[PDB]
$ cat data.txt   # compact mmCIF, N, CA, C and O atoms
# COMPACT_ATOMS: atom_id res chain seq x y z
N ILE A 433 98.22 125.07 75.77
CA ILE A 433 99.36 124.55 76.52
C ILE A 433 98.87 123.86 77.79
O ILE A 433 99.33 122.77 78.13
N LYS A 434 97.95 124.52 78.50
CA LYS A 434 97.42 123.94 79.73
C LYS A 434 96.68 122.64 79.44
O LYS A 434 96.85 121.64 80.15
N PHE A 435 95.86 122.63 78.39
CA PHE A 435 95.14 121.42 78.01
C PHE A 435 96.09 120.28 77.65
O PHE A 435 95.88 119.13 78.05
N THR A 436 97.16 120.60 76.91
CA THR A 436 98.12 119.57 76.53
C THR A 436 98.83 119.00 77.75
O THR A 436 99.04 117.79 77.86
N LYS A 437 99.22 119.87 78.69
CA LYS A 437 99.85 119.40 79.92
C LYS A 437 98.90 118.51 80.71
O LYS A 437 99.32 117.48 81.27
N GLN A 438 97.63 118.89 80.79
CA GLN A 438 96.65 118.05 81.48
C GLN A 438 96.54 116.68 80.81
O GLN A 438 96.48 115.64 81.48
N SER A 439 96.54 116.67 79.47
CA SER A 439 96.49 115.41 78.74
C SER A 439 97.73 114.57 79.03
O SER A 439 97.64 113.34 79.16
N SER A 440 98.89 115.21 79.15
CA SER A 440 100.11 114.48 79.45
C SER A 440 100.04 113.88 80.85
O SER A 440 100.48 112.74 81.07
N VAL A 441 99.49 114.62 81.81
CA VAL A 441 99.33 114.10 83.16
C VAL A 441 98.46 112.85 83.13
O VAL A 441 98.80 111.82 83.72
N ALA A 442 97.31 112.94 82.46
CA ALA A 442 96.42 111.79 82.37
C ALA A 442 97.10 110.60 81.70
O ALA A 442 96.96 109.45 82.15
N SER A 443 97.87 110.86 80.64
CA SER A 443 98.57 109.79 79.95
C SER A 443 99.56 109.10 80.88
O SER A 443 99.63 107.86 80.92
N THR A 444 100.34 109.87 81.62
CA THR A 444 101.31 109.25 82.53
C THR A 444 100.61 108.51 83.66
O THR A 444 101.11 107.49 84.13
N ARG A 445 99.44 108.99 84.10
CA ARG A 445 98.71 108.27 85.14
C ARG A 445 98.30 106.89 84.63
O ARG A 445 98.48 105.88 85.32
N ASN A 446 97.76 106.84 83.41
CA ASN A 446 97.37 105.55 82.85
C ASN A 446 98.58 104.66 82.62
O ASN A 446 98.52 103.45 82.88
N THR A 447 99.67 105.22 82.09
CA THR A 447 100.88 104.43 81.90
C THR A 447 101.37 103.82 83.21
O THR A 447 101.76 102.65 83.25
N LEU A 448 101.36 104.60 84.30
CA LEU A 448 101.76 104.04 85.59
C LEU A 448 100.83 102.92 86.04
O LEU A 448 101.28 101.87 86.51
N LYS A 449 99.52 103.15 85.95
CA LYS A 449 98.57 102.11 86.34
C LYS A 449 98.82 100.83 85.54
O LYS A 449 98.88 99.74 86.11
N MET A 450 98.98 100.95 84.22
CA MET A 450 99.23 99.77 83.39
C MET A 450 100.57 99.12 83.75
O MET A 450 100.71 97.89 83.68
N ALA A 451 101.59 99.92 84.03
CA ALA A 451 102.89 99.35 84.40
C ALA A 451 102.73 98.50 85.66
O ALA A 451 103.29 97.40 85.76
N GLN A 452 101.95 98.99 86.61
CA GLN A 452 101.64 98.22 87.80
C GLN A 452 100.85 96.98 87.42
O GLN A 452 101.02 95.90 88.03
N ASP A 453 100.02 97.10 86.38
CA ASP A 453 99.27 95.95 85.88
C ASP A 453 100.20 94.83 85.43
O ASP A 453 100.09 93.66 85.87
N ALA A 454 101.19 95.20 84.64
CA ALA A 454 102.20 94.28 84.16
C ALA A 454 102.95 93.66 85.31
O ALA A 454 103.20 92.45 85.33
N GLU A 455 103.31 94.48 86.30
CA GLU A 455 104.08 93.94 87.40
C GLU A 455 103.37 92.88 88.22
O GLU A 455 103.96 91.83 88.52
N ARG A 456 102.13 93.13 88.64
CA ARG A 456 101.45 92.08 89.39
C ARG A 456 101.32 90.81 88.56
O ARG A 456 101.57 89.70 89.05
N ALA A 457 100.87 90.95 87.30
CA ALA A 457 100.71 89.75 86.47
C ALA A 457 102.03 88.98 86.39
O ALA A 457 102.05 87.75 86.50
N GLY A 458 103.14 89.69 86.19
CA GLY A 458 104.43 89.02 86.08
C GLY A 458 104.84 88.33 87.36
O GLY A 458 105.39 87.22 87.34
N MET A 459 104.55 88.95 88.51
CA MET A 459 104.93 88.32 89.78
C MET A 459 104.11 87.06 90.00
O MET A 459 104.63 86.04 90.47
N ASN A 460 102.82 87.09 89.63
CA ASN A 460 102.02 85.87 89.71
C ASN A 460 102.56 84.80 88.78
O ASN A 460 102.58 83.62 89.14
N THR A 461 102.98 85.19 87.59
CA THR A 461 103.47 84.20 86.65
C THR A 461 104.69 83.50 87.22
O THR A 461 104.80 82.28 87.18
N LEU A 462 105.61 84.28 87.78
CA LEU A 462 106.80 83.69 88.39
C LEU A 462 106.45 82.80 89.58
O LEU A 462 107.04 81.72 89.75
N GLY A 463 105.50 83.22 90.42
CA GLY A 463 105.12 82.38 91.55
C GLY A 463 104.57 81.04 91.09
O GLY A 463 104.98 79.97 91.56
N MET A 464 103.64 81.09 90.14
CA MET A 464 103.04 79.88 89.62
C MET A 464 104.08 79.00 88.95
O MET A 464 104.03 77.78 89.06
N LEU A 465 105.00 79.61 88.20
CA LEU A 465 106.06 78.84 87.56
C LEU A 465 106.97 78.17 88.57
O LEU A 465 107.42 77.05 88.34
N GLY A 466 107.22 78.80 89.72
CA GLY A 466 108.02 78.13 90.72
C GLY A 466 107.29 76.93 91.29
O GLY A 466 107.84 75.83 91.36
N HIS A 467 106.00 77.11 91.58
CA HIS A 467 105.19 75.99 92.07
C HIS A 467 105.10 74.85 91.04
O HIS A 467 105.17 73.67 91.41
N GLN A 468 104.86 75.17 89.77
CA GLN A 468 104.76 74.14 88.72
C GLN A 468 106.10 73.47 88.40
O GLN A 468 106.14 72.26 88.15
N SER A 469 107.19 74.22 88.48
CA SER A 469 108.52 73.66 88.32
C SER A 469 108.73 72.62 89.37
O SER A 469 109.32 71.56 89.16
N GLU A 470 108.25 72.96 90.57
CA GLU A 470 108.42 72.03 91.71
C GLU A 470 107.51 70.81 91.51
O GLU A 470 107.99 69.69 91.78
N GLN A 471 106.26 71.00 91.07
CA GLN A 471 105.47 69.79 90.84
C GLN A 471 106.23 68.88 89.89
O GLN A 471 106.27 67.66 90.06
N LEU A 472 106.83 69.48 88.84
CA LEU A 472 107.60 68.72 87.86
C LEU A 472 108.83 68.07 88.48
O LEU A 472 109.26 67.01 88.02
N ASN A 473 109.43 68.69 89.50
CA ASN A 473 110.50 68.02 90.24
C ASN A 473 109.98 66.77 90.92
O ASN A 473 110.65 65.72 90.94
N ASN A 474 108.77 66.86 91.46
CA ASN A 474 108.20 65.69 92.10
C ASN A 474 108.01 64.59 91.06
O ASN A 474 108.59 63.50 91.18
N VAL A 475 107.49 64.98 89.90
CA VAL A 475 107.32 64.06 88.77
C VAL A 475 108.65 63.39 88.42
O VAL A 475 108.73 62.17 88.23
N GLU A 476 109.70 64.20 88.36
CA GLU A 476 111.03 63.69 88.02
C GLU A 476 111.49 62.62 89.01
O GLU A 476 112.01 61.57 88.61
N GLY A 477 111.25 62.85 90.30
CA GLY A 477 111.64 61.84 91.29
C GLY A 477 110.93 60.51 91.09
O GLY A 477 111.56 59.45 91.17
N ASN A 478 109.62 60.54 90.85
CA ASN A 478 108.87 59.28 90.64
C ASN A 478 109.32 58.59 89.38
O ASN A 478 109.35 57.36 89.31
N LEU A 479 109.63 59.35 88.34
CA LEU A 479 110.11 58.71 87.14
C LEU A 479 111.42 57.98 87.44
O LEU A 479 111.64 56.85 86.99
N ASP A 480 112.30 58.61 88.23
CA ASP A 480 113.55 57.94 88.60
C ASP A 480 113.29 56.67 89.41
O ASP A 480 113.87 55.60 89.12
N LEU A 481 112.38 56.75 90.38
CA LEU A 481 112.07 55.58 91.21
C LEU A 481 111.47 54.46 90.37
O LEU A 481 111.81 53.29 90.54
N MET A 482 110.56 54.81 89.46
CA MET A 482 109.95 53.82 88.59
C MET A 482 110.99 53.20 87.66
O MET A 482 110.86 52.03 87.30
N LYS A 483 112.00 53.96 87.24
CA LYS A 483 113.08 53.37 86.46
C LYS A 483 113.77 52.27 87.25
O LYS A 483 113.98 51.15 86.76
N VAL A 484 114.09 52.55 88.52
CA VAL A 484 114.75 51.54 89.35
C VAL A 484 113.84 50.32 89.53
O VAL A 484 114.27 49.16 89.39
N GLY B 169 100.63 174.14 78.53
CA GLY B 169 99.25 173.73 78.42
C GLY B 169 99.04 172.64 77.38
O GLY B 169 98.73 172.93 76.23
N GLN B 170 99.23 171.39 77.79
CA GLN B 170 99.03 170.26 76.90
C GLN B 170 99.21 168.98 77.70
O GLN B 170 99.76 169.00 78.81
N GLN B 171 98.74 167.87 77.13
CA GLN B 171 98.87 166.57 77.78
C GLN B 171 99.10 165.51 76.71
O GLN B 171 99.01 165.79 75.51
N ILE B 172 99.41 164.29 77.14
CA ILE B 172 99.76 163.22 76.21
C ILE B 172 99.39 161.86 76.78
O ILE B 172 99.38 161.66 78.00
N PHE B 173 99.08 160.93 75.88
CA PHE B 173 98.77 159.55 76.23
C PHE B 173 100.04 158.69 76.11
O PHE B 173 101.16 159.21 76.14
N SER B 174 99.88 157.37 75.98
CA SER B 174 101.02 156.49 75.77
C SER B 174 100.56 155.10 75.37
O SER B 174 99.56 154.60 75.91
N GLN B 175 101.26 154.48 74.42
CA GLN B 175 100.97 153.13 73.95
C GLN B 175 102.15 152.21 74.28
O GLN B 175 103.18 152.66 74.78
N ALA B 176 102.01 150.91 73.98
CA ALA B 176 103.03 149.95 74.38
C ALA B 176 103.19 148.81 73.37
O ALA B 176 102.21 148.28 72.86
N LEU B 177 104.45 148.45 73.09
CA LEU B 177 104.81 147.31 72.25
C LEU B 177 105.31 146.15 73.09
O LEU B 177 106.00 146.35 74.09
N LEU B 178 104.96 144.92 72.69
CA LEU B 178 105.42 143.77 73.44
C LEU B 178 106.90 143.50 73.13
O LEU B 178 107.47 144.05 72.18
N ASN B 179 107.51 142.63 73.93
CA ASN B 179 108.93 142.33 73.79
C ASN B 179 109.17 141.40 72.61
O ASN B 179 108.45 140.41 72.42
N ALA B 180 110.19 141.72 71.81
CA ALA B 180 110.53 140.86 70.67
C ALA B 180 110.79 139.43 71.12
O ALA B 180 110.33 138.48 70.48
N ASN B 181 111.55 139.25 72.21
CA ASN B 181 111.85 137.91 72.70
C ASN B 181 110.59 137.06 72.73
O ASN B 181 110.57 135.95 72.20
N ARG B 182 109.54 137.58 73.37
CA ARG B 182 108.27 136.86 73.45
C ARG B 182 107.92 136.27 72.09
O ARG B 182 107.75 135.06 71.95
N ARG B 183 107.83 137.13 71.07
CA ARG B 183 107.51 136.67 69.73
C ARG B 183 106.25 135.82 69.78
O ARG B 183 105.28 136.19 70.46
N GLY B 184 106.23 134.68 69.09
CA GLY B 184 105.11 133.78 69.18
C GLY B 184 105.27 132.86 70.37
O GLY B 184 105.39 131.64 70.20
N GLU B 185 105.26 133.43 71.58
CA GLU B 185 105.47 132.61 72.76
C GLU B 185 104.28 131.69 73.00
O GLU B 185 104.39 130.75 73.79
N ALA B 186 103.15 131.97 72.36
CA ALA B 186 102.00 131.10 72.49
C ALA B 186 102.36 129.69 72.04
O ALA B 186 101.88 128.71 72.61
N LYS B 187 103.21 129.58 71.02
CA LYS B 187 103.61 128.28 70.52
C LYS B 187 105.10 128.02 70.65
O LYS B 187 105.57 126.97 70.18
N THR B 188 105.86 128.93 71.26
CA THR B 188 107.27 128.67 71.48
C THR B 188 107.44 127.42 72.33
O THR B 188 108.30 126.58 72.05
N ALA B 189 106.62 127.28 73.37
CA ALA B 189 106.62 126.11 74.21
C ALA B 189 105.41 125.22 73.98
O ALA B 189 105.34 124.13 74.56
N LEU B 190 104.45 125.64 73.15
CA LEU B 190 103.32 124.78 72.82
C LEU B 190 103.79 123.63 71.95
O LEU B 190 103.41 122.48 72.18
N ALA B 191 104.54 123.94 70.90
CA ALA B 191 105.15 122.89 70.09
C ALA B 191 105.91 121.89 70.95
O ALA B 191 105.81 120.68 70.74
N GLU B 192 106.67 122.39 71.93
CA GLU B 192 107.47 121.50 72.77
C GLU B 192 106.61 120.62 73.67
O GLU B 192 106.87 119.41 73.80
N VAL B 193 105.58 121.19 74.29
CA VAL B 193 104.69 120.37 75.12
C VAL B 193 103.92 119.39 74.26
O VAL B 193 103.65 118.26 74.68
N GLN B 194 103.58 119.78 73.03
CA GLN B 194 102.89 118.87 72.12
C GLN B 194 103.79 117.71 71.72
O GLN B 194 103.35 116.55 71.67
N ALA B 195 105.07 118.00 71.48
CA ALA B 195 106.01 116.94 71.14
C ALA B 195 106.19 115.99 72.31
O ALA B 195 106.19 114.76 72.14
N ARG B 196 106.34 116.53 73.52
CA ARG B 196 106.47 115.65 74.67
C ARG B 196 105.21 114.82 74.85
O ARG B 196 105.28 113.65 75.21
N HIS B 197 104.04 115.44 74.68
CA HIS B 197 102.80 114.69 74.78
C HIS B 197 102.78 113.53 73.80
O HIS B 197 102.30 112.44 74.13
N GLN B 198 103.26 113.76 72.58
CA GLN B 198 103.35 112.67 71.62
C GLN B 198 104.28 111.57 72.12
O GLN B 198 103.96 110.37 72.00
N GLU B 199 105.40 111.95 72.73
CA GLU B 199 106.28 110.94 73.33
C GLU B 199 105.55 110.16 74.41
O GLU B 199 105.67 108.93 74.50
N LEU B 200 104.77 110.85 75.24
CA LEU B 200 104.08 110.20 76.34
C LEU B 200 102.99 109.27 75.82
O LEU B 200 102.75 108.21 76.40
N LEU B 201 102.32 109.67 74.74
CA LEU B 201 101.33 108.80 74.13
C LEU B 201 101.98 107.53 73.59
O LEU B 201 101.44 106.43 73.72
N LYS B 202 103.17 107.67 72.99
CA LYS B 202 103.90 106.49 72.53
C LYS B 202 104.25 105.59 73.70
O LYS B 202 104.10 104.36 73.62
N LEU B 203 104.68 106.19 74.80
CA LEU B 203 105.00 105.44 76.01
C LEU B 203 103.78 104.68 76.50
O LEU B 203 103.87 103.50 76.88
N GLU B 204 102.63 105.35 76.52
CA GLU B 204 101.41 104.76 77.02
C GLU B 204 101.00 103.57 76.16
O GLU B 204 100.60 102.52 76.67
N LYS B 205 101.09 103.73 74.84
CA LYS B 205 100.77 102.65 73.92
C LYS B 205 101.67 101.44 74.13
O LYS B 205 101.19 100.29 74.19
N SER B 206 102.97 101.67 74.29
CA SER B 206 103.88 100.55 74.49
C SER B 206 103.60 99.85 75.81
O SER B 206 103.62 98.62 75.89
N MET B 207 103.33 100.63 76.86
CA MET B 207 102.99 100.03 78.14
C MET B 207 101.71 99.22 78.05
O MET B 207 101.58 98.18 78.69
N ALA B 208 100.72 99.71 77.29
CA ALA B 208 99.49 98.95 77.10
C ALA B 208 99.78 97.59 76.48
O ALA B 208 99.29 96.56 76.96
N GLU B 209 100.61 97.56 75.44
CA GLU B 209 100.96 96.27 74.84
C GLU B 209 101.70 95.38 75.83
O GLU B 209 101.45 94.17 75.92
N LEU B 210 102.62 95.97 76.61
CA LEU B 210 103.40 95.17 77.55
C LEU B 210 102.51 94.57 78.63
O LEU B 210 102.66 93.40 79.00
N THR B 211 101.57 95.37 79.14
CA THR B 211 100.65 94.88 80.16
C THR B 211 99.77 93.77 79.59
O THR B 211 99.48 92.79 80.28
N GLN B 212 99.35 93.91 78.33
CA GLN B 212 98.57 92.85 77.72
C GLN B 212 99.37 91.56 77.63
O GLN B 212 98.84 90.47 77.89

$ encode --input "data.txt" --output "structure tokens"
Amino acid sequence: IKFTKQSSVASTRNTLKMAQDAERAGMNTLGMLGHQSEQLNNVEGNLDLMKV
Amino acid sequence: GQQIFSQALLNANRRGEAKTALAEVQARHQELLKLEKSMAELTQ
């Protein structure tokens, strides 16, 4: 019983670490996507100007 | 002029208490392993 509980503790520790892993990666993805969306907004403006 | 010893029986409730909660902790551990596996895939 004690060994199983210790194994459960270790499992939850790794799960938490990995969950934090997912979170940082996701926040970076959103940041980069906001920056790239904006570069594409700049692209959109020049395409409009070139149309005129 | 005489004396006597004494023996003892455990409580019925106890029963197989070694695994009364061992099965339960093992089942929860299996749940936690499933959780860990899913989190690993999500992080990937």

$ closest_atom_pairs --input "data.txt" --of "chain A" --to "chain B" --cutoff "8 Å" --atoms "all atoms listed in the file" --output "CSV"
residue,atom,partner,partner_atom,distance
A:433,CA,B:190,CA,5.4
A:434,N,B:190,CA,7.8
A:436,O,B:193,O,5.6
A:437,N,B:193,O,6.2
A:439,C,B:197,CA,6.6
A:440,CA,B:197,CA,5.4
A:441,N,B:197,CA,7.8
A:443,O,B:204,CA,5.3
A:444,N,B:200,O,6.0
A:446,C,B:204,CA,6.3
A:447,CA,B:204,CA,4.9
A:448,N,B:204,CA,7.3
A:449,C,B:207,O,7.8
A:450,O,B:211,CA,4.6
A:451,N,B:207,O,5.6
A:452,C,B:211,CA,7.6
A:453,C,B:211,CA,5.3
A:454,CA,B:211,CA,4.3
A:455,N,B:211,CA,6.7
A:457,CA,B:211,O,7.0
A:458,N,B:211,O,7.6

$ write_last_selection --input "data.txt" --atoms "N, CA, C and O atoms" --output "compact mmCIF listing (two decimals), keeping the file's coordinate frame"
# COMPACT_ATOMS: atom_id res chain seq x y z
N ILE A 433 98.22 125.07 75.77
CA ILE A 433 99.36 124.55 76.52
C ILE A 433 98.87 123.86 77.79
O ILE A 433 99.33 122.77 78.13
N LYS A 434 97.95 124.52 78.50
CA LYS A 434 97.42 123.94 79.73
C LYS A 434 96.68 122.64 79.44
O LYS A 434 96.85 121.64 80.15
N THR A 436 97.16 120.60 76.91
CA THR A 436 98.12 119.57 76.53
C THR A 436 98.83 119.00 77.75
O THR A 436 99.04 117.79 77.86
N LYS A 437 99.22 119.87 78.69
CA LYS A 437 99.85 119.40 79.92
C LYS A 437 98.90 118.51 80.71
O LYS A 437 99.32 117.48 81.27
N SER A 439 96.54 116.67 79.47
CA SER A 439 96.49 115.41 78.74
C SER A 439 97.73 114.57 79.03
O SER A 439 97.64 113.34 79.16
N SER A 440 98.89 115.21 79.15
CA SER A 440 100.11 114.48 79.45
C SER A 440 100.04 113.88 80.85
O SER A 440 100.48 112.74 81.07
N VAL A 441 99.49 114.62 81.81
CA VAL A 441 99.33 114.10 83.16
C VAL A 441 98.46 112.85 83.13
O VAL A 441 98.80 111.82 83.72
N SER A 443 97.87 110.86 80.64
CA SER A 443 98.57 109.79 79.95
C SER A 443 99.56 109.10 80.88
O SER A 443 99.63 107.86 80.92
N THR A 444 100.34 109.87 81.62
CA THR A 444 101.31 109.25 82.53
C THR A 444 100.61 108.51 83.66
O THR A 444 101.11 107.49 84.13
N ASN A 446 97.76 106.84 83.41
CA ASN A 446 97.37 105.55 82.85
C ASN A 446 98.58 104.66 82.62
O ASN A 446 98.52 103.45 82.88
N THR A 447 99.67 105.22 82.09
CA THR A 447 100.88 104.43 81.90
C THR A 447 101.37 103.82 83.21
O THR A 447 101.76 102.65 83.25
N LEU A 448 101.36 104.60 84.30
CA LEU A 448 101.76 104.04 85.59
C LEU A 448 100.83 102.92 86.04
O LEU A 448 101.28 101.87 86.51
N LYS A 449 99.52 103.15 85.95
CA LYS A 449 98.57 102.11 86.34
C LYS A 449 98.82 100.83 85.54
O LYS A 449 98.88 99.74 86.11
N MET A 450 98.98 100.95 84.22
CA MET A 450 99.23 99.77 83.39
C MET A 450 100.57 99.12 83.75
O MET A 450 100.71 97.89 83.68
N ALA A 451 101.59 99.92 84.03
CA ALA A 451 102.89 99.35 84.40
C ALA A 451 102.73 98.50 85.66
O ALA A 451 103.29 97.40 85.76
N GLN A 452 101.95 98.99 86.61
CA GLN A 452 101.64 98.22 87.80
C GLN A 452 100.85 96.98 87.42
O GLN A 452 101.02 95.90 88.03
N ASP A 453 100.02 97.10 86.38
CA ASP A 453 99.27 95.95 85.88
C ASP A 453 100.20 94.83 85.43
O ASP A 453 100.09 93.66 85.87
N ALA A 454 101.19 95.20 84.64
CA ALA A 454 102.20 94.28 84.16
C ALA A 454 102.95 93.66 85.31
O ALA A 454 103.20 92.45 85.33
N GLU A 455 103.31 94.48 86.30
CA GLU A 455 104.08 93.94 87.40
C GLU A 455 103.37 92.88 88.22
O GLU A 455 103.96 91.83 88.52
N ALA A 457 100.87 90.95 87.30
CA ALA A 457 100.71 89.75 86.47
C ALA A 457 102.03 88.98 86.39
O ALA A 457 102.05 87.75 86.50
N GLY A 458 103.14 89.69 86.19
CA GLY A 458 104.43 89.02 86.08
C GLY A 458 104.84 88.33 87.36
O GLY A 458 105.39 87.22 87.34

$ select_by_dssp --input "data.txt" --residues "chain B" --states "alpha helix (DSSP H)" --output "compact mmCIF listing (two decimals) with N, CA, C and O atoms, keeping the file's coordinate frame"
# COMPACT_ATOMS: atom_id res chain seq x y z
N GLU B 185 105.26 133.43 71.58
CA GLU B 185 105.47 132.61 72.76
C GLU B 185 104.28 131.69 73.00
O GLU B 185 104.39 130.75 73.79
N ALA B 186 103.15 131.97 72.36
CA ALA B 186 102.00 131.10 72.49
C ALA B 186 102.36 129.69 72.04
O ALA B 186 101.88 128.71 72.61
N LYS B 187 103.21 129.58 71.02
CA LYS B 187 103.61 128.28 70.52
C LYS B 187 105.10 128.02 70.65
O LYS B 187 105.57 126.97 70.18
N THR B 188 105.86 128.93 71.26
CA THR B 188 107.27 128.67 71.48
C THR B 188 107.44 127.42 72.33
O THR B 188 108.30 126.58 72.05
N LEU B 190 104.45 125.64 73.15
CA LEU B 190 103.32 124.78 72.82
C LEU B 190 103.79 123.63 71.95
O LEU B 190 103.41 122.48 72.18
N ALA B 191 104.54 123.94 70.90
CA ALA B 191 105.15 122.89 70.09
C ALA B 191 105.91 121.89 70.95
O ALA B 191 105.81 120.68 70.74
N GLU B 192 106.67 122.39 71.93
CA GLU B 192 107.47 121.50 72.77
C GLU B 192 106.61 120.62 73.67
O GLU B 192 106.87 119.41 73.80
N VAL B 193 105.58 121.19 74.29
CA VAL B 193 104.69 120.37 75.12
C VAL B 193 103.92 119.39 74.26
O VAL B 193 103.65 118.26 74.68
N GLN B 194 103.58 119.78 73.03
CA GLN B 194 102.89 118.87 72.12
C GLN B 194 103.79 117.71 71.72
O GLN B 194 103.35 116.55 71.67
N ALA B 195 105.07 118.00 71.48
CA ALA B 195 106.01 116.94 71.14
C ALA B 195 106.19 115.99 72.31
O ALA B 195 106.19 114.76 72.14
N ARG B 196 106.34 116.53 73.52
CA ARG B 196 106.47 115.65 74.67
C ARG B 196 105.21 114.82 74.85
O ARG B 196 105.28 113.65 75.21
N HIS B 197 104.04 115.44 74.68
CA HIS B 197 102.80 114.69 74.78
C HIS B 197 102.78 113.53 73.80
O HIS B 197 102.30 112.44 74.13
N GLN B 198 103.26 113.76 72.58
CA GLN B 198 103.35 112.67 71.62
C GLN B 198 104.28 111.57 72.12
O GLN B 198 103.96 110.37 72.00
N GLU B 199 105.40 111.95 72.73
CA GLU B 199 106.28 110.94 73.33
C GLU B 199 105.55 110.16 74.41
O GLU B 199 105.67 108.93 74.50
N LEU B 200 104.77 110.85 75.24
CA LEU B 200 104.08 110.20 76.34
C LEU B 200 102.99 109.27 75.82
O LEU B 200 102.75 108.21 76.40
N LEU B 201 102.32 109.67 74.74
CA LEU B 201 101.33 108.80 74.13
C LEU B 201 101.98 107.53 73.59
O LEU B 201 101.44 106.43 73.72
N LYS B 202 103.17 107.67 72.99
CA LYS B 202 103.90 106.49 72.53
C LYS B 202 104.25 105.59 73.70
O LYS B 202 104.10 104.36 73.62
N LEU B 203 104.68 106.19 74.80
CA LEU B 203 105.00 105.44 76.01
C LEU B 203 103.78 104.68 76.50
O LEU B 203 103.87 103.50 76.88
N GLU B 204 102.63 105.35 76.52
CA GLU B 204 101.41 104.76 77.02
C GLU B 204 101.00 103.57 76.16
O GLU B 204 100.60 102.52 76.67
N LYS B 205 101.09 103.73 74.84
CA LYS B 205 100.77 102.65 73.92
C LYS B 205 101.67 101.44 74.13
O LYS B 205 101.19 100.29 74.19
N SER B 206 102.97 101.67 74.29
CA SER B 206 103.88 100.55 74.49
C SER B 206 103.60 99.85 75.81
O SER B 206 103.62 98.62 75.89
N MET B 207 103.33 100.63 76.86
CA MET B 207 102.99 100.03 78.14
C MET B 207 101.71 99.22 78.05
O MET B 207 101.58 98.18 78.69
N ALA B 208 100.72 99.71 77.29
CA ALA B 208 99.49 98.95 77.10
C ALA B 208 99.78 97.59 76.48
O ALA B 208 99.29 96.56 76.96
N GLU B 209 100.61 97.56 75.44
CA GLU B 209 100.96 96.27 74.84
C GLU B 209 101.70 95.38 75.83
O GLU B 209 101.45 94.17 75.92
N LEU B 210 102.62 95.97 76.61
CA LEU B 210 103.40 95.17 77.55
C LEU B 210 102.51 94.57 78.63
O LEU B 210 102.66 93.40 79.00
N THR B 211 101.57 95.37 79.14
CA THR B 211 100.65 94.88 80.16
C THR B 211 99.77 93.77 79.59
O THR B 211 99.48 92.79 80.28

$ atom_distance --input "data.txt" --atom1 "atom CA of residue 464 of chain A" --atom2 "atom N of residue 477 of chain A"
18.9 Å

$ axis_aligned_box --input "data.txt" --around "segment 452-456 of chain A" --padding-each-side "5 Å" --output "lines of an AutoDock Vina configuration file"
center_x = 101.7
center_y = 94.3
center_z = 86.8
size_x = 14.8
size_y = 19.3
size_z = 15.2
